[PDB]
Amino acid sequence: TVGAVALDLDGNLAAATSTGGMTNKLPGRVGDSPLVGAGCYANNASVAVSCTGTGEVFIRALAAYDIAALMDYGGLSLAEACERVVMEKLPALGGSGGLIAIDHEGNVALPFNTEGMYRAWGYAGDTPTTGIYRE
């Protein structure tokens, strides 16, 4: 699975996710990636999110939308919402993975509960940061 999130100069947010799924999946299986609110979500009022991991749990937990709702309704910061979803809620359901997220103010988070997550981020006009393993 791969993905991207962004905040543009007009203040608009967007998210995209794409995948081949999981190795040896049953033909016809659909994971979180193509499901709005599960593997991909964007709303100018809150956040843009793209997920990766054990798809089934991200669907059951509506991971991407949950970040948005925790911020919007719960008043949590992007960091707090990410901590709750990725480090607490997903593991409790037996889910492994992570996500990338940008909120409407330009805060960025790349939480994951796995050994690694291929990732990168950068502000326009600045040098980007890359990563594979745990911070």
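The first residue of the shown sequence is 1; numbering continues from there.
Comparing 87-95 with 71-79, the higher mean C-alpha B-factor in the PDB entry belongs to 87-95. Here 35-43 and 51-59 are compared by their mean Cα B-factor, and 51-59 comes out higher.
Residue set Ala124, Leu9, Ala120, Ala14: peak C-alpha B-factor at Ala124 (per PDB entry). Residue-level temperature factors show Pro111 in the lowest third of its chain, judged at the C-alpha atom.
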